file final02.txt (compact mmCIF, C-alpha atoms and all ligand atoms)
# COMPACT_ATOMS: atom_id res chain seq x y z
CA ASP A 1 0.00 0.00 0.00
CA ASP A 2 2.85 2.32 -0.89
CA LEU A 3 1.78 5.96 -0.92
CA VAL A 4 2.55 8.63 -3.51
CA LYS A 5 3.50 12.15 -2.44
CA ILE A 6 2.04 15.01 -4.48
CA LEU A 7 2.66 18.65 -3.52
CA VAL A 8 0.63 21.78 -4.27
CA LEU A 9 2.44 25.09 -5.00
CA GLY A 10 1.72 28.36 -6.76
CA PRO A 11 0.89 32.01 -6.10
CA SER A 12 -0.98 32.84 -2.94
CA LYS A 13 -4.73 33.53 -3.24
CA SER A 14 -4.63 31.40 -6.41
CA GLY A 15 -6.86 28.62 -5.11
CA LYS A 16 -4.55 25.75 -4.19
CA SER A 17 -6.61 24.32 -1.32
CA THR A 18 -10.07 24.53 -2.87
CA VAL A 19 -8.53 22.06 -5.30
CA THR A 20 -6.99 19.91 -2.54
CA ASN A 21 -10.28 19.40 -0.71
CA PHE A 22 -12.21 18.85 -3.93
CA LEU A 23 -9.54 16.41 -5.09
CA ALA A 24 -8.85 14.65 -1.77
CA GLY A 25 -12.60 14.40 -1.11
CA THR A 26 -13.44 17.08 1.45
CA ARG A 27 -16.73 18.16 0.01
CA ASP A 28 -17.83 21.27 -1.86
CA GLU A 29 -6.39 33.07 5.97
CA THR A 30 -4.15 30.61 4.12
CA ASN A 31 -2.24 28.22 6.36
CA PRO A 32 1.43 27.22 6.05
CA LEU A 33 0.77 23.55 5.21
CA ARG A 34 -1.93 20.91 5.17
CA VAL A 35 -1.72 17.28 4.20
CA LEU A 36 -4.77 15.58 2.74
CA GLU A 37 -4.94 11.85 2.12
CA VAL A 38 -7.03 10.38 -0.69
CA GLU A 39 -6.80 6.75 -1.73
CA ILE A 40 -7.30 6.26 -5.45
CA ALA A 41 -6.54 2.84 -6.87
CA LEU A 42 -7.47 0.35 -9.58
CA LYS A 43 -3.92 -0.02 -2.55
CA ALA A 44 -2.84 3.43 -3.74
CA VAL A 45 -3.08 6.06 -1.03
CA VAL A 46 -2.37 9.51 -2.45
CA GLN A 47 -1.25 12.42 -0.32
CA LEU A 48 -2.03 15.97 -1.37
CA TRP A 49 0.33 18.41 0.38
CA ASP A 50 -1.18 21.91 0.20
CA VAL A 51 1.56 24.52 0.73
CA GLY A 52 1.23 28.20 1.63
CA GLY A 53 3.78 30.75 0.48
CA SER A 54 6.37 32.56 2.54
CA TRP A 55 11.86 24.57 4.07
CA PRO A 56 13.40 22.35 1.36
CA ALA A 57 12.99 19.42 3.74
CA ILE A 58 9.39 19.03 2.55
CA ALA A 59 10.27 17.52 -0.86
CA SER A 60 11.30 14.23 0.81
CA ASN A 61 10.97 11.53 -1.87
CA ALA A 62 8.32 13.68 -3.52
CA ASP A 63 6.71 12.11 -6.57
CA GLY A 64 4.56 14.76 -8.31
CA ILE A 65 3.54 18.42 -8.21
CA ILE A 66 0.41 20.42 -9.07
CA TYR A 67 0.86 24.16 -9.66
CA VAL A 68 -2.06 26.60 -9.33
CA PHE A 69 -2.20 30.28 -10.34
CA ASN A 70 -4.84 32.86 -11.10
CA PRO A 71 -4.63 33.77 -14.80
CA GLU A 72 -6.40 37.09 -14.25
CA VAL A 73 -3.54 38.06 -11.89
CA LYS A 74 -0.12 39.16 -13.14
CA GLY A 75 3.15 37.61 -12.12
CA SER A 76 1.15 34.48 -11.35
CA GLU A 77 2.61 32.79 -14.44
CA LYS A 78 6.01 34.01 -13.27
CA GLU A 79 5.87 33.42 -9.51
CA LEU A 80 5.55 29.68 -10.23
CA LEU A 81 9.18 29.65 -11.35
CA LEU A 82 10.20 30.23 -7.74
CA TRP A 83 8.05 27.23 -6.84
CA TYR A 84 9.68 25.52 -9.80
CA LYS A 85 13.06 26.66 -8.48
CA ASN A 86 12.63 26.12 -4.75
CA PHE A 87 11.35 22.57 -5.16
CA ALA A 88 12.04 20.87 -8.52
CA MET A 89 18.21 19.46 -7.01
CA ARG A 90 15.59 18.40 -9.63
CA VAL A 91 13.34 16.57 -7.17
CA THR A 92 10.37 16.21 -9.51
CA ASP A 93 10.32 15.41 -13.22
CA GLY A 94 7.44 15.74 -15.62
CA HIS A 95 4.82 14.09 -13.40
CA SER A 96 3.43 17.59 -12.85
CA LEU A 97 0.36 19.71 -13.62
CA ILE A 98 -0.38 23.43 -14.00
CA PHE A 99 -3.83 24.99 -13.47
CA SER A 100 -5.07 28.25 -14.97
CA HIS A 101 -7.67 28.55 -12.22
CA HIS A 102 -10.82 30.70 -12.25
CA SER A 103 -11.73 31.97 -8.79
CA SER A 104 -13.44 34.96 -10.45
CA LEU A 105 -15.37 35.84 -13.57
CA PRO A 106 -12.66 35.50 -16.25
CA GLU A 107 -11.80 38.86 -17.78
CA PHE A 108 -8.23 38.36 -18.97
CA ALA A 109 -8.07 34.56 -18.90
CA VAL A 110 -10.84 34.23 -21.52
CA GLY A 111 -9.93 33.58 -25.11
CA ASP A 112 -7.12 32.15 -27.19
CA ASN A 113 -5.16 31.29 -24.07
CA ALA A 114 -7.55 30.68 -21.19
CA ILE A 115 -4.39 29.03 -20.05
CA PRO A 116 -2.21 32.11 -20.60
CA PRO A 117 1.25 31.83 -22.18
CA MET A 118 3.64 29.98 -19.89
CA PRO A 119 7.33 30.58 -19.15
CA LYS A 120 9.84 28.41 -20.97
CA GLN A 121 10.68 26.03 -18.11
CA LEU A 122 6.96 25.32 -17.59
CA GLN A 123 5.83 25.23 -21.23
CA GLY A 124 6.50 21.48 -21.14
CA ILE A 125 4.01 20.51 -18.39
CA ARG A 126 0.37 19.73 -19.20
CA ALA A 127 -1.88 22.70 -18.42
CA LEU A 128 -5.62 23.16 -17.96
CA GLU A 129 -8.24 25.83 -17.48
CA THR A 130 -9.85 25.17 -14.14
CA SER A 131 -12.84 26.20 -12.05
CA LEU A 132 -15.58 24.72 -9.91
CA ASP A 133 -18.27 27.09 -11.21
CA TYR A 134 -16.86 28.89 -14.25
CA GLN A 135 -15.69 27.20 -17.45
CA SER A 136 -13.90 24.00 -16.62
CA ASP A 137 -12.20 20.84 -17.84
CA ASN A 138 -12.70 17.40 -16.26
CA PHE A 139 -9.58 17.75 -14.15
CA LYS A 140 -10.53 15.00 -11.73
CA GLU A 141 -9.50 12.78 -14.66
CA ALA A 142 -6.13 14.48 -15.17
CA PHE A 143 -5.45 14.05 -11.47
CA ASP A 144 -6.57 10.41 -11.57
CA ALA A 145 -4.18 9.90 -14.49
CA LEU A 146 -1.24 11.58 -12.73
CA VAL A 147 -1.06 9.03 -9.90
CA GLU A 148 -0.85 6.12 -12.37
CA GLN A 149 2.10 7.63 -14.22
CA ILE A 150 3.89 8.27 -10.92
CA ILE A 151 3.64 4.71 -9.63
CA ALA A 152 4.01 3.34 -13.15
CA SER A 153 7.80 3.02 -13.10
CA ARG A 154 8.75 2.92 -9.43
CA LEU A 155 9.11 -0.69 -10.59
MG MG B 201 -4.71 27.80 1.71
call {"tool": "encode", "arguments": {"input": "final02.txt", "output": "structure tokens"}}
result
Amino acid sequence: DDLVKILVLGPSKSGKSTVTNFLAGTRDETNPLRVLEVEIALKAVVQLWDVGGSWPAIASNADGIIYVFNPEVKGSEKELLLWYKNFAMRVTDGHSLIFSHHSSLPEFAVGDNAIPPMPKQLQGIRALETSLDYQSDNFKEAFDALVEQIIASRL
């Protein structure tokens, strides 16, 4: 029943924990750190680690990362490179996600990139437009699929 460790980084006020609870199961002012535990299998117990911005001892044998940023907000696309820098040494490789996340009515995000243009280091990681109420992709599926690719080659 070997667990998989997935972290959650990104700009503050971006939405990281509304995703964690929705993903980890918790139904429906930011804290340093939470850990949520969701088991998703096909015993695969998955651990969402919701981080709050300002401790490189937290990437211990980390397996995957999910970045969240508000597209309507500037520097959000660019703050994530500090998360990229501070954590992925190169701890994490490719088993990552990036969320253009609507917490608001999309004014800028809308259009030809409702996932706005990404920096070069991050242009390689799969990206989605994301919301619980506004326009959305089935990102429960992309999360489901991330755990399989993580465990896929640990053996
Ligand atoms: Mg929070």
call {"tool": "closest_residue", "arguments": {"input": "final02.txt", "among": "A:15, A:116, A:10, A:124", "to": "ligand MG 201 (chain B)", "atoms": "only C-alpha atoms and all ligand atoms"}}
result
A:15
call {"tool": "closest_residue", "arguments": {"input": "final02.txt", "among": "A:9, A:73, A:66, A:119", "to": "residue 23 in chain A", "atoms": "all atoms listed in the file"}}
result
A:66
call {"tool": "residues_around", "arguments": {"input": "final02.txt", "residues": "residue 1 in chain A", "least_positions_apart": "4", "cutoff": "7 Å", "atoms": "only C-alpha atoms", "output": "VMD selection string"}}
result
chain A and resid 43 to 45
call {"tool": "closest_residue", "arguments": {"input": "final02.txt", "among": "A:6, A:151, A:24, A:33", "to": "residue 53 in chain A", "atoms": "only C-alpha atoms"}}
result
A:33
call {"tool": "residues_around", "arguments": {"input": "final02.txt", "residues": "residue 87 in chain A", "least_positions_apart": "2", "cutoff": "10 Å", "atoms": "all atoms listed in the file", "output": "PyMOL selection string"}}
result
chain A and resi 7+9+55-59+62+65+81-85+89-92
call {"tool": "atom_distance", "arguments": {"input": "final02.txt", "atom1": "CA of residue 143 in chain A", "atom2": "CA of residue 39 in chain A"}}
result
12.2 Å
call {"tool": "closest_residue", "arguments": {"input": "final02.txt", "among": "A:137, A:13, A:148, A:41", "to": "residue 29 in chain A", "atoms": "all atoms listed in the file"}}
result
A:13
call {"tool": "residues_around", "arguments": {"input": "final02.txt", "residues": "residue 98 in chain A", "least_positions_apart": "2", "cutoff": "7 Å", "atoms": "all atoms listed in the file", "output": "ChimeraX atom specification"}}
result
/A:66-68,100,125-128
call {"tool": "write_last_selection", "arguments": {"input": "final02.txt", "atoms": "C-alpha atoms", "output": "PDB file, in the coordinates of the input"}}
result
ATOM      1  CA  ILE A  66       0.410  20.420  -9.070  1.00  0.00           C
ATOM      2  CA  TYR A  67       0.860  24.160  -9.660  1.00  0.00           C
ATOM      3  CA  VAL A  68      -2.060  26.600  -9.330  1.00  0.00           C
ATOM      4  CA  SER A 100      -5.070  28.250 -14.970  1.00  0.00           C
ATOM      5  CA  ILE A 125       4.010  20.510 -18.390  1.00  0.00           C
ATOM      6  CA  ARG A 126       0.370  19.730 -19.200  1.00  0.00           C
ATOM      7  CA  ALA A 127      -1.880  22.700 -18.420  1.00  0.00           C
ATOM      8  CA  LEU A 128      -5.620  23.160 -17.960  1.00  0.00           C
TER       9      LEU A 128
END
call {"tool": "atom_distance", "arguments": {"input": "final02.txt", "atom1": "CA of residue 135 in chain A", "atom2": "CA of residue 19 in chain A"}}
result
15.0 Å
call {"tool": "residues_near_ligand", "arguments": {"input": "final02.txt", "ligand": "ligand MG 201 (chain B)", "cutoff": "9 Å", "atoms": "all atoms listed in the file", "output": "PDB file with C-alpha atoms, keeping the file's coordinate frame"}}
result
ATOM      1  CA  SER A  12      -0.980  32.840  -2.940  1.00  0.00           C
ATOM      2  CA  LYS A  13      -4.730  33.530  -3.240  1.00  0.00           C
ATOM      3  CA  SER A  14      -4.630  31.400  -6.410  1.00  0.00           C
ATOM      4  CA  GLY A  15      -6.860  28.620  -5.110  1.00  0.00           C
ATOM      5  CA  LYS A  16      -4.550  25.750  -4.190  1.00  0.00           C
ATOM      6  CA  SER A  17      -6.610  24.320  -1.320  1.00  0.00           C
ATOM      7  CA  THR A  18     -10.070  24.530  -2.870  1.00  0.00           C
ATOM      8  CA  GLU A  29      -6.390  33.070   5.970  1.00  0.00           C
ATOM      9  CA  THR A  30      -4.150  30.610   4.120  1.00  0.00           C
ATOM     10  CA  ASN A  31      -2.240  28.220   6.360  1.00  0.00           C
ATOM     11  CA  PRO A  32       1.430  27.220   6.050  1.00  0.00           C
ATOM     12  CA  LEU A  33       0.770  23.550   5.210  1.00  0.00           C
ATOM     13  CA  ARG A  34      -1.930  20.910   5.170  1.00  0.00           C
ATOM     14  CA  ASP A  50      -1.180  21.910   0.200  1.00  0.00           C
ATOM     15  CA  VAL A  51       1.560  24.520   0.730  1.00  0.00           C
ATOM     16  CA  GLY A  52       1.230  28.200   1.630  1.00  0.00           C
TER      17      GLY A  52
END
call {"tool": "decode", "arguments": {"input": "final02.txt", "residues": "range 35-56 of chain A", "atoms": "N, CA, C and O atoms", "output": "CSV table (one decimal), in the first residue's frame"}}
result
chain,number,residue,atom,x,y,z
A,35,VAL,N,-1.9,18.5,4.9
A,35,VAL,CA,-1.7,17.3,4.2
A,35,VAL,C,-3.1,16.6,4.1
A,35,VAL,O,-3.7,16.3,5.2
A,36,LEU,N,-3.6,16.4,2.9
A,36,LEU,CA,-4.8,15.6,2.7
A,36,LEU,C,-4.4,14.2,2.2
A,36,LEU,O,-3.4,14.1,1.5
A,37,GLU,N,-5.2,13.2,2.5
A,37,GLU,CA,-4.9,11.9,2.1
A,37,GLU,C,-6.2,11.3,1.4
A,37,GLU,O,-7.2,11.1,2.0
A,38,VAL,N,-6.0,11.0,0.1
A,38,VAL,CA,-7.0,10.4,-0.7
A,38,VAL,C,-6.4,9.1,-1.2
A,38,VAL,O,-5.3,9.1,-1.7
A,39,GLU,N,-7.2,8.0,-1.1
A,39,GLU,CA,-6.8,6.7,-1.7
A,39,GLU,C,-7.5,6.6,-3.1
A,39,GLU,O,-8.7,6.8,-3.1
A,40,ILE,N,-6.7,6.4,-4.1
A,40,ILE,CA,-7.3,6.3,-5.4
A,40,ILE,C,-6.5,5.1,-6.1
A,40,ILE,O,-5.3,5.2,-6.2
A,41,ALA,N,-7.2,4.1,-6.5
A,41,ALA,CA,-6.5,2.8,-6.9
A,41,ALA,C,-7.2,2.3,-8.1
A,41,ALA,O,-8.0,3.0,-8.8
A,42,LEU,N,-6.9,1.1,-8.5
A,42,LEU,CA,-7.5,0.4,-9.6
A,42,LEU,C,-7.2,-1.1,-9.4
A,42,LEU,O,-6.6,-1.5,-8.4
A,43,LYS,N,-3.8,-1.1,-3.5
A,43,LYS,CA,-3.9,0.0,-2.6
A,43,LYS,C,-3.0,1.2,-2.9
A,43,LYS,O,-1.8,1.1,-2.7
A,44,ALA,N,-3.6,2.2,-3.4
A,44,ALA,CA,-2.8,3.4,-3.7
A,44,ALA,C,-3.4,4.6,-2.9
A,44,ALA,O,-4.4,5.2,-3.3
A,45,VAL,N,-2.7,4.9,-1.9
A,45,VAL,CA,-3.1,6.1,-1.0
A,45,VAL,C,-2.3,7.3,-1.4
A,45,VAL,O,-1.0,7.3,-1.3
A,46,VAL,N,-3.0,8.3,-1.9
A,46,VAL,CA,-2.4,9.5,-2.4
A,46,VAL,C,-2.4,10.6,-1.4
A,46,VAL,O,-3.5,10.8,-0.7
A,47,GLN,N,-1.4,11.4,-1.4
A,47,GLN,CA,-1.2,12.4,-0.3
A,47,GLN,C,-1.1,13.8,-1.0
A,47,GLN,O,0.0,14.1,-1.5
A,48,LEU,N,-2.1,14.6,-0.9
A,48,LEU,CA,-2.0,16.0,-1.4
A,48,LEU,C,-1.4,16.8,-0.3
A,48,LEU,O,-2.0,16.8,0.9
A,49,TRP,N,-0.4,17.6,-0.6
A,49,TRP,CA,0.3,18.4,0.4
A,49,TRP,C,0.1,19.9,0.0
A,49,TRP,O,0.9,20.4,-0.8
A,50,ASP,N,-0.9,20.5,0.5
A,50,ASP,CA,-1.2,21.9,0.2
A,50,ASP,C,-0.2,22.9,0.9
A,50,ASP,O,-0.3,22.9,2.2
A,51,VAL,N,0.5,23.6,0.2
A,51,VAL,CA,1.6,24.5,0.7
A,51,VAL,C,1.1,25.9,0.7
A,51,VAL,O,0.3,26.3,-0.2
A,52,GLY,N,1.5,26.8,1.6
A,52,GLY,CA,1.2,28.2,1.6
A,52,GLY,C,2.5,29.0,1.6
A,52,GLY,O,3.5,28.7,2.3
A,53,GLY,N,2.5,30.0,0.8
A,53,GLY,CA,3.8,30.7,0.5
A,53,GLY,C,4.4,31.4,1.7
A,53,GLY,O,3.8,31.7,2.7
A,54,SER,N,5.7,31.8,1.5
A,54,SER,CA,6.4,32.6,2.5
A,54,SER,C,6.4,34.0,2.1
A,54,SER,O,6.3,34.3,0.9
A,55,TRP,N,12.0,25.9,3.4
A,55,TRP,CA,11.9,24.6,4.1
A,55,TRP,C,12.0,23.4,3.0
A,55,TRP,O,11.1,22.7,2.8
A,56,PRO,N,13.2,23.3,2.4
A,56,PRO,CA,13.4,22.3,1.4
A,56,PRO,C,13.5,20.9,1.9
A,56,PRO,O,13.8,20.0,1.2
